[PDB]
Structures are given as structure tokens and as C-alpha cells.
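Asker: Next one to model:
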Amino acid sequence: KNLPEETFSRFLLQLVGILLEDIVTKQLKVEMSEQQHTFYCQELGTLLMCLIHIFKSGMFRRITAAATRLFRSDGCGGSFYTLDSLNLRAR
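Answerer: Numbering: from 1, shown residues only. The structure is reproduced below:
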């Protein structure tokens, strides 16, 4: 028995995990071009803007209450991008 809010928040956060683990460790020439890297940055920008509008506009309350309980808890046995891995990628 899984909640819909859990599925939405896990999907968005694993997508940020994908984008971050791509943007950090992938070389600027031998894999992607310059326009591809700028589009990576633009995609992650509009994704975090959609996440901010979800976390701020107040029409989405259950999604925030879902995110508060899974940001804080650990990854399920390493089967998820846990939060401090995203902090390593951000730092």
C-alpha cells in the first residue's frame, strides 16, 4: 500500500538525482556538446522552479507533507538517491 503523494515526490526527487548525477560527472566535450550542457542547465532550472512553485504556492499541501517525511528519512536500502548524495552533488 503506497500513497500517491509518495509516488509523485519520489519520482520528482529521483529525476533531480538523475539530472544532478548527469550534470556533475560527465565531461564537457567527449560526451555532450556545449548546447547539450546548456540545455541540461535549463532543464534543471525549470525543474527546480516547478518544484519551488509546488513547495510554495500552497495549492499543493499534501505533496509538501510528503516531501517533508522523505527528505528527512534515509534511502530504502540504497534503492533511492538518498538526500546526502544530492548534497554531495550540490556541493
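Asker: helices or strands up against the longest helix anywhere in the chain?
Answerer: Criterion DSSP state H: the longest helix present in the chain is helix 34-56. In terms of contacts (3 or more CB pairs under 8 Å, 6 or more residues apart in numbering; DSSP states H and E), helix 34-56 is packed against helix 4-24, helix 61-71. (Each C-beta comes from the backbone N, C-alpha and C, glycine too.)
Asker: For the first one, give me every contacting residue.
Answerer: Counting by CB atoms under 8 Å, 6 or more residues apart in numbering, helix 4-24 makes contact with 37, 40-41, 43-44, 47-48, 51, 62-63, 65-67, 70-71, 80-81, 85-86, 89-90, all of which sit outside it.
Asker: Report the separation between the residue most central in space within the chain and residue 61.
Answerer: With distances taken as CA atoms, centre = their mean, the chain has residue 16 as the residue nearest its mean C-alpha position (2.2 Å). Using CB to CB, to the nearest Å, one obtains 21 Å as the distance from residue 16 to residue 61.
Asker: Distance of the residue of the chain most remote from its centre relative to residue 90?
Answerer: Residue distances from the centre of the chain (CA atoms, centre = their mean) peak at residue 30, which lies 25.2 Å from the mean C-alpha position. Taking CB to CB as the criterion, residue 30 is separated from residue 90 by 24 Å.
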